[PDB]
Amino acid sequence: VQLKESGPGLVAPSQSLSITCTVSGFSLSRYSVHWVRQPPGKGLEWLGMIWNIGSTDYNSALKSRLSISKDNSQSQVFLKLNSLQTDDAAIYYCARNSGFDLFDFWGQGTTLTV
Amino acid sequence: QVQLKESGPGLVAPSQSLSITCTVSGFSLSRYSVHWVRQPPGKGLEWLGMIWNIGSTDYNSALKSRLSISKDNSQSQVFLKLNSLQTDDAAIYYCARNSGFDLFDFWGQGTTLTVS
Amino acid sequence: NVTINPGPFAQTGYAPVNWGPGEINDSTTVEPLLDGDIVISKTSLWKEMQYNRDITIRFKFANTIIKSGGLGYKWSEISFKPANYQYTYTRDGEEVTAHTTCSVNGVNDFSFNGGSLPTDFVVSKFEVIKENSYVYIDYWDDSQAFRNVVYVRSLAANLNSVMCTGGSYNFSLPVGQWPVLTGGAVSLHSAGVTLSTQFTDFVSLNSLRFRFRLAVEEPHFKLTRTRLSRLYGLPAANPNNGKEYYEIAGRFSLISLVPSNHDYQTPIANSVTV
Amino acid sequence: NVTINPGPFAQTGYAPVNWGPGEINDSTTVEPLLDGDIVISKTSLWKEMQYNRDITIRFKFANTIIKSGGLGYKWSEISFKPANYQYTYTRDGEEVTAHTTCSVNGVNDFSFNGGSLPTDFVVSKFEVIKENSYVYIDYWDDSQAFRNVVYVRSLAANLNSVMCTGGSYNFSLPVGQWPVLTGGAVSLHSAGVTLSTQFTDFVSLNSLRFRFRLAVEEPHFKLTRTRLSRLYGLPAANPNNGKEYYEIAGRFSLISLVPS
Amino acid sequence: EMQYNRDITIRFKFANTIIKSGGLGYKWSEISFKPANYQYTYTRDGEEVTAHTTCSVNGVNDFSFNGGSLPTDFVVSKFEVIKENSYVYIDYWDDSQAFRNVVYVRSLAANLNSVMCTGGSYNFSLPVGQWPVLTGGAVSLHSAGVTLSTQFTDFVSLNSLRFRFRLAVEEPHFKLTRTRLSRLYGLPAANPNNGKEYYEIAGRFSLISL
Amino acid sequence: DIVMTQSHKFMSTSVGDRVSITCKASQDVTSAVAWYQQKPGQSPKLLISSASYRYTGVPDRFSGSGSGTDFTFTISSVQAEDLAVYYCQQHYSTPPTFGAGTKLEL
Amino acid sequence: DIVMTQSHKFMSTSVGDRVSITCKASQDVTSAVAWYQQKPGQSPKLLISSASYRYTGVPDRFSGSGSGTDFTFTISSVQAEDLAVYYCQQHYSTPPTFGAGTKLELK
């Protein structure tokens with residue numbers, strides 16, 4: 001199994017954002033994926049989850065601002081965040097789920113500059 | 001106990017409609033099904049149509065397109081309608097219950113029809 | 001390149017399925033080793049329709065026999081097991097293929113103890129179905145009707161009764177006379193239908209289950225050379241009694257949903273030329 | 001561009017249901033006498049939707065034991081039996097009531113025979129479950145989601161695991177030493193969910209069935225005063241071990257076709 | 001002004017490209033047309049003549065079916081189909097006196113009879129489920145003008161005559177089974193040749209080379 | 001469809017004498033036959049439900065038999081109450097279909 | 001929502017001496033608490049999946065305990081590559097919620 005991210009790295013306020021997590025070794029029709037981020041020098045958080053079936057679940061606060069999507073054809077997953085701030089700057093991770101909300105394998109993690 | 005009673009005009013004219021009402025008793029129409037048959041004078045008997053326990057209905061091919069079977073579960077009464085009848089359609093009509101596949105168990109008294 | 005635009009209503013529909021058998025009642029045996037809200041799609045069209053078709057069902061029982069260790073006089077188990085069958089019959093329309101899978105539930109378990117010697121004869125369990133028990137005959141078909149059993153609103157089957165009779169089975173003892181198990185009949189009367197879908201990771205495997213109630217009828221079943229006598233039921237020794245298949249025949253009506261070939265959404269001017 | 005259906009649309013809908021339990025693997029025992037086409041409704045308007053919510057499954061097993069007549073040393077059955085539970089809990093600021101039923105299939109039955117004298121201890125059937133068995137738990141609720149489970153397309157559930165361990169049963173012999181059964185434990189992992197409907201005459205009767213897969217764990221279980229060998233599994237003697245409820249937590253997502 | 005005018009026998013066959021998208025076998029992307037060549041020998045005027053003919057299409061219509069975003073469901077994003085709007089172009093090269101002196105012409109024309117082209121049946125290969133098919137479709141070709149043109153084949157440039165053909169749609173319907181689509185009209189690009197090697201057109205062409 | 005026939009149409013049978021009747025089918029009906037009795041001024045009644053089954057309350061003298069195509073209905077003693085018409089139904093297919101109707105005479 | 005806290009942000013132990021950490025919860029999460037480890041320049045890893053169960057291959061010198069509200073994580077002997085941050089998760093509710101992140105320093 002290998003989870004790799006890919007993103008811009010530098011962005012401007014009041015704009016969009018798109019990251020893509022490319023998976024290999026496991027099928028996205030047998031597992032689910034989670035997105036998390038780490039405000040610099042602060043506790044880690046849950047952002048959203050995309051299930052095995054196609055349904056998605058979001059964090060309450062950023063519900064209004066994000067979309068999560070996937071494509072079994074590209075064996076990839078992707079997230080979009082819009083109308084960002086300075087506070088939204090952090091390092092972003094995509095992870096796999098095994099049980100209820102246990103994270104098993106993680107990616108390298110891209111850092112963001114706004 | 002169970003009782004099946006019919007009710008109909010008795011006399012009718014060609015090129016007209018027809019309506020008959022089997023009034024069941026002692027058994028729910030949501031637990032059983034009902035069949036319509038008739039016996040033209042002499043000769044033998046036929047099958048006309050059947051109304052199921054759930055609401056679906058099945059008809060006989062020869063008389064198809066002329067028959068109309070329906071019921072009201074709360075009224076405990078089935079009703080059949082035949083239109084555009086002829087002299088050949090004259091017969092005694094009998095509503096009957098079904099137990100297995102097509103076994104008839106209890107029958108009504110049977111009304112006789114005259115067309116002229 | 002003209003581009004035919006999509007219409008307002010969504011084209012959602014049935015989900016992929018594979019027709020198969022259901023669960024079963026099973027139990028193994030261990031012998032000792034010593035002796036002694038979000039919206040995912042837009043609006044879509046669906047209409048309720050009636051499919052009334054004839055159903056012919058052919059079934060066959062199966063049996064399993066397990067003898068214990070030692071001199072070989074005594075048996076450990078004689079019981080039922082699922083069995084499958086396939087065939088082709090003719091609806092008035094065409095020929096259709098069919099599969100079936102029988103099974104039981106609520107079975108009664110009898111035993112007999114001839115003695116505590118190595119030579120004496122004991123059978124620790126032989127099963128028998130009876131009043132309380134039931135029989136479930138699952139079914140799937142190739143016709144058009146079975147393609148629309150998903151999303152069913154109502155379903156009712158009118159079926160005939162059948163009689164199953166017991167054959168005979170001979171206990172091969174190393175030495176001495178051979179006792180025998182013989183007869184026993186039960187008669188199936190229809191009860192309601194059951195549908196079921198198992199949601200595994202990518203296929204909705206599904207199945208029906210025709211239930212069937214039982215009543216007891218003569219002949220009796222008997223074990224020869226012993227005190228057990230004249231008890232009612234269908235032993236598991238030889239249920240088929242030399243017949244390839246028992247049959248049930250009757251009608252079934254279903255009221256279900258169907259994707260609406262509504263006929264309005266069409267590219268304008270889809271017609272022959274003029 | 002394409003033509004569009006504009007007329008007034010008809011009102012088909014869900015059909016009356018009553019939520020309840022499913023079938024169950026059962027078997028009695030008889031003991032010796034002595035001791036020696038037509039369109040029913042018009043075009044309508046439907047829609048597909050998500051219902052994703054949390055869940056707390058609380059359950060508890062049940063056992064049956066029966067003795068055989070005589071001196072009182074012979075048991076004929078130490079077996080399992082379905083059990084029911086009714087509870088309440090909170091989910092996103094809503095109190096839901098709920099009912100649960102626990103049955104077991106795939107059982108592996110055992111036996112011991114200490115001898116044939118009238119006095120010898122004997123147990124003809126005590127059943128355990130040990131990696132060749134499944135526990136099936138049925139659940140119904142009072143929320144809105146369960147109202148719209150009719151006509152479902154896909155359901156999935158991410159649920160935590162729960163370890164169940166055995167207690168101890170002290171067999172009562174009229175005279176002499178009392179042997180005892182003690183030990184055993186299994187872990188219940190999740191597997192596929194099932195939905196089953198029964199079209200009886202009156203009204204449809206449906207049932208949900210979460211299906212769990214067992215895996216054996218320590219401690220080992222044993223029967224004293226005999227030669228049974230430290231086997232592994234969950235003995236059906238005292239499965240819940242003085243705990244009122246075992247519980248599992250999780251989340252379930254269903255994708256259902258709801259009337260629009 | 002040396003005049004050449006001859007009987008003529010055209011032969012041809014379409015060809016399609018199918019491209020599926022990745023895994024699980026459900027979601028196709030394109031079912032389109034593409035040009036196609038055929039070579040043959042026939043006898044006319046008591047002489048044996050070899051020929052090479054290439055068929056292409058323009059004005060094609062694009063249809064689509066989207067069964068949903070959920071993975072398992074069936075999807076085909078673009079299958080082309082021909083109708084009254086579209087035009088066919090078939091080009092012909094022969095091996096005789098005439099088609100050596102077909103450059104520098106003063107007048108071209110031709111009288112050609114007509115033909116019918118019918119669809120076949122394509123079977124989508126789903127891993128699990130019942131296989132939806134694509135069947136039906138008809139169309140009839142009726143002649144139009146002639147022009148000069150050149151077709152390039154096997155690294156040898158060649159000088160030939162290009163016939164245009166207008167279309168008229170006709171029955172049977174074309175339909176996707178196991179879906180709501182049904183009773184559409186035209187010729188889809190799944191199996192147009194229908195196992196038939198060659199449709200053939202016959203007639204005569206008039207030419208006054210200079 | 002299914003088609004059935006009866007041997008006779010009227011049969012002279014004395015009181016207290018054994019009597020049998022047969023009706024034939026065209027296709028193969030394994031064991032699905034029924035027998036109805038219609039007295040004058042009465043509605044038909046069900047006496048047989050299978051190849052040789054007896055419905056509840058039917059008198060003992062009556063019985064039936066047959067398998068495959070040929071099927072028969074037998075009484076041991078005729079009695080005054082037994083003077084009536086008797087029909088044979090088939091129920092192994094979609095259109096239930098009766099026979100012509102053969103009866104008795106004293 | 002769910003809320004968690006960890007006692008200190010630094011805990012100091014020489015190679016070979018017991019480490020012991022605690023994190024409290026804002027409700028009675030029944031045995032559903034996990035523990036992650038993040039080394040410098042590394043992505044977090046899963047060590048103690050349920051309050052006590054150790055996931056897959058992790059050394060034995062790790063272990064955990066606790067029930068109800070209070071939960072703890074204990075190492076018996078320290079090594080040189082254990083200097084890392086450790087987080088405690090809670091998995092009995094919709095928003096998985098980590099702690100702040102407490103780590104170790106060497107003497």
# chains A, B, ... in the order shown; residues from 1 in each chain; ligands from 1
call {"tool": "residues_around", "arguments": {"residues": "segment 9-13 of chain F", "least_positions_apart": "5", "cutoff": "12 Å", "atoms": "only C-alpha atoms", "output": "number ranges by chain"}}
result
B: 42-44; F: 18-23, 75-80, 82-87, 99-106
call {"tool": "interface_residues", "arguments": {"of": "chain C", "to": "chain F", "cutoff": "10 Å", "atoms": "only C-alpha atoms", "output": "ChimeraX atom specification"}}
result
/C:53-56,91-92,160-162,247-251
call {"tool": "residues_around", "arguments": {"residues": "residue 25 of chain A", "least_positions_apart": "3", "cutoff": "10 Å", "atoms": "only C-alpha atoms", "output": "list in words"}}
result
residues 1, 2, 3, 28 and 75 of chain A
call {"tool": "select_by_dssp", "arguments": {"residues": "segment 123-189 of chain D", "states": "strand (DSSP E or B)", "output": "PyMOL selection string"}}
result
chain D and resi 123+126-128+134-141+152-159+162-165+168-170+180-182+185-189
call {"tool": "write_last_selection", "arguments": {"atoms": "N, CA and C atoms", "output": "compact mmCIF listing (two decimals), in the first residue's frame"}}
result
# COMPACT_ATOMS: atom_id res chain seq x y z
N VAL D 123 -22.15 -35.60 29.73
CA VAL D 123 -22.75 -34.44 29.10
C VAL D 123 -22.78 -34.72 27.61
N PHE D 126 -22.60 -30.11 24.79
CA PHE D 126 -22.34 -28.72 25.17
C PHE D 126 -21.65 -28.06 23.99
N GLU D 127 -22.27 -26.97 23.53
CA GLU D 127 -21.83 -26.35 22.32
C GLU D 127 -21.06 -25.08 22.42
N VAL D 128 -20.02 -24.90 21.59
CA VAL D 128 -19.14 -23.76 21.69
C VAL D 128 -19.17 -23.17 20.32
N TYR D 134 -20.96 -17.85 13.34
CA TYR D 134 -21.21 -16.43 13.16
C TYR D 134 -22.22 -16.07 14.19
N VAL D 135 -22.26 -14.83 14.65
CA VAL D 135 -23.30 -14.39 15.57
C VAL D 135 -24.05 -13.40 14.73
N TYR D 136 -25.37 -13.45 14.70
CA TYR D 136 -26.16 -12.57 13.87
C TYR D 136 -26.97 -11.71 14.80
N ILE D 137 -26.87 -10.39 14.70
CA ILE D 137 -27.57 -9.48 15.60
C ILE D 137 -28.58 -8.66 14.80
N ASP D 138 -29.85 -8.63 15.18
CA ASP D 138 -30.92 -7.94 14.49
C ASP D 138 -31.28 -6.69 15.28
N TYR D 139 -31.48 -5.56 14.57
CA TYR D 139 -31.72 -4.28 15.22
C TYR D 139 -32.81 -3.48 14.53
N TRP D 140 -33.73 -2.85 15.27
CA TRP D 140 -34.73 -1.96 14.68
C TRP D 140 -34.77 -0.75 15.59
N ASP D 141 -35.23 0.41 15.12
CA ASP D 141 -35.15 1.66 15.88
C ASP D 141 -36.42 2.45 15.74
N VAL D 152 -33.99 -0.34 -0.38
CA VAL D 152 -32.60 0.12 -0.26
C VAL D 152 -31.65 -0.34 -1.37
N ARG D 153 -30.68 0.49 -1.75
CA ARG D 153 -29.72 0.26 -2.82
C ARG D 153 -28.36 -0.19 -2.31
N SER D 154 -27.86 0.41 -1.24
CA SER D 154 -26.59 0.01 -0.68
C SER D 154 -26.49 0.48 0.76
N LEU D 155 -26.05 -0.42 1.64
CA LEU D 155 -25.87 -0.11 3.05
C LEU D 155 -24.49 -0.60 3.37
N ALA D 156 -23.76 0.12 4.21
CA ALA D 156 -22.44 -0.30 4.63
C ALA D 156 -22.37 0.07 6.07
N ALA D 157 -21.50 -0.51 6.88
CA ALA D 157 -21.36 -0.08 8.28
C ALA D 157 -19.94 -0.26 8.80
N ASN D 158 -19.35 0.78 9.38
CA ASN D 158 -18.00 0.73 9.99
C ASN D 158 -18.22 0.63 11.49
N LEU D 159 -18.06 -0.54 12.10
CA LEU D 159 -18.39 -0.75 13.52
C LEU D 159 -17.17 -1.24 14.29
N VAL D 162 -15.80 -6.17 19.62
CA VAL D 162 -16.11 -6.42 21.05
C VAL D 162 -15.70 -7.83 21.44
N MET D 163 -14.90 -8.00 22.49
CA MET D 163 -14.46 -9.33 22.99
C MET D 163 -15.45 -9.87 24.02
N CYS D 164 -15.98 -11.09 23.84
CA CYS D 164 -16.91 -11.77 24.72
C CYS D 164 -16.21 -12.96 25.35
N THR D 165 -16.26 -13.04 26.67
CA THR D 165 -15.59 -14.08 27.43
C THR D 165 -16.60 -14.84 28.26
N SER D 168 -18.54 -19.25 34.41
CA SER D 168 -18.30 -20.55 35.02
C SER D 168 -19.62 -21.17 35.41
N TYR D 169 -19.77 -22.45 35.10
CA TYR D 169 -20.95 -23.22 35.50
C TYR D 169 -20.49 -24.41 36.31
N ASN D 170 -21.03 -24.55 37.51
CA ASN D 170 -20.61 -25.59 38.45
C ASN D 170 -21.67 -26.68 38.43
N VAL D 180 -16.68 -28.30 37.02
CA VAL D 180 -17.03 -26.95 36.60
C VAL D 180 -16.46 -26.68 35.22
N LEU D 181 -17.20 -25.91 34.44
CA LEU D 181 -16.77 -25.44 33.13
C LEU D 181 -16.40 -23.97 33.25
N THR D 182 -15.23 -23.62 32.71
CA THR D 182 -14.70 -22.27 32.86
C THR D 182 -13.78 -21.92 31.70
N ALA D 185 -13.07 -17.21 25.06
CA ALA D 185 -13.35 -15.85 24.61
C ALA D 185 -13.14 -15.73 23.11
N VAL D 186 -13.96 -14.89 22.51
CA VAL D 186 -13.90 -14.63 21.08
C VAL D 186 -14.04 -13.14 20.82
N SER D 187 -13.59 -12.73 19.64
CA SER D 187 -13.70 -11.36 19.18
C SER D 187 -14.66 -11.31 18.00
N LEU D 188 -15.64 -10.41 18.09
CA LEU D 188 -16.66 -10.24 17.07
C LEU D 188 -16.25 -9.10 16.15
N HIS D 189 -15.81 -9.44 14.95
CA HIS D 189 -15.53 -8.47 13.91
C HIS D 189 -16.75 -8.37 13.01
call {"tool": "residues_around", "arguments": {"residues": "residue 44 of chain F", "least_positions_apart": "6", "cutoff": "9 Å", "atoms": "only C-alpha atoms", "output": "PyMOL selection string"}}
result
(chain B and resi 106-108) or (chain F and resi 36-38+86)
call {"tool": "write_last_selection", "arguments": {"atoms": "C-alpha atoms", "output": "JSON list (two decimals), in the first residue's frame"}}
result
[["chain", "number", "residue", "atom", "x", "y", "z"],
["B", 106, "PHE", "CA", -67.56, -22.82, -1.56],
["B", 107, "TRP", "CA", -70.04, -21.61, -4.16],
["B", 108, "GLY", "CA", -72.98, -19.24, -4.28],
["F", 36, "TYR", "CA", -67.48, -31.85, -8.53],
["F", 37, "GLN", "CA", -71.09, -32.95, -7.97],
["F", 38, "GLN", "CA", -74.15, -30.82, -8.96],
["F", 86, "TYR", "CA", -70.41, -34.98, -12.03]]
call {"tool": "interface_residues", "arguments": {"of": "chain B", "to": "chain F", "cutoff": "10 Å", "atoms": "only C-alpha atoms", "output": "list in words"}}
result
residues 42, 43, 44, 45, 46, 47, 48, 49, 58, 59, 60, 61, 94, 100, 101, 102, 103, 104, 105, 106, 107, 108, 109 and 110 of chain B
call {"tool": "write_last_selection", "arguments": {"atoms": "N, CA and C atoms", "output": "PDB file, in the first residue's frame"}}
result
ATOM      1  N   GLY B  42     -77.457 -25.820 -20.756  1.00  0.00           N
ATOM      2  CA  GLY B  42     -76.899 -27.087 -21.254  1.00  0.00           C
ATOM      3  C   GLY B  42     -75.387 -26.990 -21.323  1.00  0.00           C
ATOM      4  N   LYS B  43     -74.740 -27.695 -22.255  1.00  0.00           N
ATOM      5  CA  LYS B  43     -73.269 -27.609 -22.462  1.00  0.00           C
ATOM      6  C   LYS B  43     -72.532 -27.814 -21.124  1.00  0.00           C
ATOM      7  N   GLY B  44     -71.460 -27.053 -20.837  1.00  0.00           N
ATOM      8  CA  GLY B  44     -70.640 -27.198 -19.615  1.00  0.00           C
ATOM      9  C   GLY B  44     -70.274 -25.860 -18.999  1.00  0.00           C
ATOM     10  N   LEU B  45     -69.233 -25.789 -18.154  1.00  0.00           N
ATOM     11  CA  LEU B  45     -68.889 -24.581 -17.427  1.00  0.00           C
ATOM     12  C   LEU B  45     -67.579 -24.019 -17.958  1.00  0.00           C
ATOM     13  N   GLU B  46     -67.362 -22.729 -17.711  1.00  0.00           N
ATOM     14  CA  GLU B  46     -66.096 -22.115 -18.066  1.00  0.00           C
ATOM     15  C   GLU B  46     -65.528 -21.366 -16.875  1.00  0.00           C
ATOM     16  N   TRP B  47     -64.314 -20.878 -17.074  1.00  0.00           N
ATOM     17  CA  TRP B  47     -63.673 -19.914 -16.202  1.00  0.00           C
ATOM     18  C   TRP B  47     -63.716 -18.548 -16.868  1.00  0.00           C
ATOM     19  N   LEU B  48     -64.049 -17.522 -16.092  1.00  0.00           N
ATOM     20  CA  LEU B  48     -64.130 -16.163 -16.612  1.00  0.00           C
ATOM     21  C   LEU B  48     -62.999 -15.282 -16.118  1.00  0.00           C
ATOM     22  N   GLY B  49     -62.859 -15.142 -14.808  1.00  0.00           N
ATOM     23  CA  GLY B  49     -61.827 -14.286 -14.265  1.00  0.00           C
ATOM     24  C   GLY B  49     -61.613 -14.583 -12.802  1.00  0.00           C
ATOM     25  N   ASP B  58     -56.755 -11.536 -12.985  1.00  0.00           N
ATOM     26  CA  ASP B  58     -56.421 -12.340 -14.150  1.00  0.00           C
ATOM     27  C   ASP B  58     -57.704 -12.708 -14.881  1.00  0.00           C
ATOM     28  N   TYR B  59     -57.644 -12.739 -16.206  1.00  0.00           N
ATOM     29  CA  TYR B  59     -58.822 -12.910 -17.040  1.00  0.00           C
ATOM     30  C   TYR B  59     -58.667 -14.107 -17.966  1.00  0.00           C
ATOM     31  N   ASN B  60     -59.773 -14.460 -18.646  1.00  0.00           N
ATOM     32  CA  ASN B  60     -59.771 -15.557 -19.614  1.00  0.00           C
ATOM     33  C   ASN B  60     -59.524 -14.921 -20.965  1.00  0.00           C
ATOM     34  N   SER B  61     -58.756 -15.569 -21.832  1.00  0.00           N
ATOM     35  CA  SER B  61     -58.390 -14.967 -23.115  1.00  0.00           C
ATOM     36  C   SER B  61     -59.545 -14.672 -24.064  1.00  0.00           C
ATOM     37  N   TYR B  94     -71.838 -17.740 -11.294  1.00  0.00           N
ATOM     38  CA  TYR B  94     -71.527 -18.190  -9.908  1.00  0.00           C
ATOM     39  C   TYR B  94     -70.180 -17.672  -9.406  1.00  0.00           C
ATOM     40  N   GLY B 100     -56.498 -23.775  -2.888  1.00  0.00           N
ATOM     41  CA  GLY B 100     -55.176 -24.093  -3.381  1.00  0.00           C
ATOM     42  C   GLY B 100     -54.842 -23.322  -4.637  1.00  0.00           C
ATOM     43  N   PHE B 101     -54.509 -24.052  -5.698  1.00  0.00           N
ATOM     44  CA  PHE B 101     -54.168 -23.405  -6.957  1.00  0.00           C
ATOM     45  C   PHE B 101     -55.412 -22.862  -7.643  1.00  0.00           C
ATOM     46  N   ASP B 102     -56.311 -23.758  -8.047  1.00  0.00           N
ATOM     47  CA  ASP B 102     -57.553 -23.370  -8.699  1.00  0.00           C
ATOM     48  C   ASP B 102     -58.719 -24.203  -8.188  1.00  0.00           C
ATOM     49  N   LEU B 103     -58.594 -24.788  -7.004  1.00  0.00           N
ATOM     50  CA  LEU B 103     -59.679 -25.558  -6.420  1.00  0.00           C
ATOM     51  C   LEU B 103     -60.763 -24.623  -5.912  1.00  0.00           C
ATOM     52  N   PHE B 104     -61.999 -24.909  -6.291  1.00  0.00           N
ATOM     53  CA  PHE B 104     -63.157 -24.177  -5.811  1.00  0.00           C
ATOM     54  C   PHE B 104     -63.730 -24.899  -4.600  1.00  0.00           C
ATOM     55  N   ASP B 105     -63.957 -24.155  -3.522  1.00  0.00           N
ATOM     56  CA  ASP B 105     -64.332 -24.730  -2.239  1.00  0.00           C
ATOM     57  C   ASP B 105     -65.786 -24.463  -1.883  1.00  0.00           C
ATOM     58  N   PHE B 106     -66.197 -23.199  -1.862  1.00  0.00           N
ATOM     59  CA  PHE B 106     -67.564 -22.816  -1.555  1.00  0.00           C
ATOM     60  C   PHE B 106     -68.127 -21.987  -2.697  1.00  0.00           C
ATOM     61  N   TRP B 107     -69.384 -22.247  -3.039  1.00  0.00           N
ATOM     62  CA  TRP B 107     -70.040 -21.611  -4.164  1.00  0.00           C
ATOM     63  C   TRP B 107     -71.279 -20.866  -3.694  1.00  0.00           C
ATOM     64  N   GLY B 108     -71.771 -19.983  -4.559  1.00  0.00           N
ATOM     65  CA  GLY B 108     -72.978 -19.239  -4.284  1.00  0.00           C
ATOM     66  C   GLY B 108     -74.214 -19.940  -4.809  1.00  0.00           C
ATOM     67  N   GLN B 109     -75.347 -19.246  -4.687  1.00  0.00           N
ATOM     68  CA  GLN B 109     -76.604 -19.807  -5.167  1.00  0.00           C
ATOM     69  C   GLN B 109     -76.672 -19.760  -6.684  1.00  0.00           C
ATOM     70  N   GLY B 110     -76.190 -18.674  -7.276  1.00  0.00           N
ATOM     71  CA  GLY B 110     -76.157 -18.551  -8.715  1.00  0.00           C
ATOM     72  C   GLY B 110     -77.382 -17.881  -9.296  1.00  0.00           C
TER      73      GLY B 110
END
call {"tool": "interface_residues", "arguments": {"of": "chain A", "to": "chain E", "cutoff": "8 Å", "atoms": "only C-alpha atoms", "output": "list in words"}}
result
residues 53, 54, 72, 73 and 74 of chain A
call {"tool": "closest_residue", "arguments": {"among": "D:93, D:7, D:106, D:183", "to": "chain G", "atoms": "only C-alpha atoms"}}
result
D:93
call {"tool": "residues_around", "arguments": {"residues": "residue 26 of chain A", "least_positions_apart": "3", "cutoff": "12 Å", "atoms": "only C-alpha atoms", "output": "ChimeraX atom specification"}}
result
/A:1-3,22-23,29-33,52,72,75-76,96-97,105
